[PDB]
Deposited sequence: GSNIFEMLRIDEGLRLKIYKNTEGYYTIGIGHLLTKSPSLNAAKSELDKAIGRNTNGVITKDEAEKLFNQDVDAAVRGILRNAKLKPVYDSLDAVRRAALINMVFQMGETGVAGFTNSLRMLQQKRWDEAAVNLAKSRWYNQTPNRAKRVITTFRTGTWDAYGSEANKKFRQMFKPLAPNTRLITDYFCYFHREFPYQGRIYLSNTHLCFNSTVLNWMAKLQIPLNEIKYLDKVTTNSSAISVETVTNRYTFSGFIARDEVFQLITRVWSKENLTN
């Protein structure tokens, strides 16, 4: 979850010129065209920005990539925002970029106490403070989502309901942990425990669905040394850590699970 995915969710792709949460005409993934009331300005500035008429996904996320970078440049050249932005982890940096993208560097720079609270890691206090704003009142659901990001340090407010359950099932994992996919399999302990293996950008996790036999396993991907397709069992992958060897079988599509795990694992 780059800042890009986070912003397409909050802005929505729109190949034709619409209106934002105000009468200000807008295009693409949140590109403010003008604050004038009537569409003269509108596609004056569109062709000035791009091709005529309205826009294709090529150019929509071409304005978008310009504007993300312009939000980040505004932060780094602003004496209030940079030290906050420097102090923050990658996740809450995306939340700050999100705010600056929506409001401009000047609007965000106005939050002098909240920015200070963020800088000293006082997340809860920053959150109640940010929720007293006109910004919260004008777009409460987007605000609730970025504030939750500031509050938690995670991407959960932008995740699927399956990501939410995954996160509740194995806590707390890493701040930037996102669920990728999950598969039925058996974990081989003193017997084969039916359950589910969860692949995330940071962790390989397993939960037992054998009634009366609960068992969980969390394996950070950066503790995995070897990742082998078991020679004598076509449905089975074995995972070797710093400290242990774990075998899972019963995969519907084993070689597909194995390539994906290998790819996600190479990253981390």
Deposited-sequence ranges lacking CA coordinates, in order, are 1, 52-54, 273-276
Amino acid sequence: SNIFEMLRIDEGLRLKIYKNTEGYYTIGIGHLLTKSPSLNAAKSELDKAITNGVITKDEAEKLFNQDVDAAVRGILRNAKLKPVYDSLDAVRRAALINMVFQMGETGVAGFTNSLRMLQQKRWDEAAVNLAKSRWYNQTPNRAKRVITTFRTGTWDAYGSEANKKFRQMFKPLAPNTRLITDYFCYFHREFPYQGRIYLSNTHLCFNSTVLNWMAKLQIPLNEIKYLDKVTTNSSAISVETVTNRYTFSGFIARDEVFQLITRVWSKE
From here on, numbers count along this sequence of modelled residues.
Mean B factor on CA atoms, stretches 69-77 and 147-155, record says higher is 69-77
Comparing average C-alpha B factors as deposited, tell me which of 91-99 and 135-143 sits higher. 135-143
Based on the PDB record, which member of 199, 210, 63, 217 exhibits the highest Cα temperature factor? 63
Choose from 32, 221, 237, 205 the residue with the greatest Cα B-factor as stated in the PDB record. 32
Please say which third, lowest, middle or highest, residue 18 falls into when its CA temperature factor is compared across its chain. highest
Could you tell me which third, lowest, middle or highest, the C-alpha B-factor of residue 24 occupies within its chain? highest
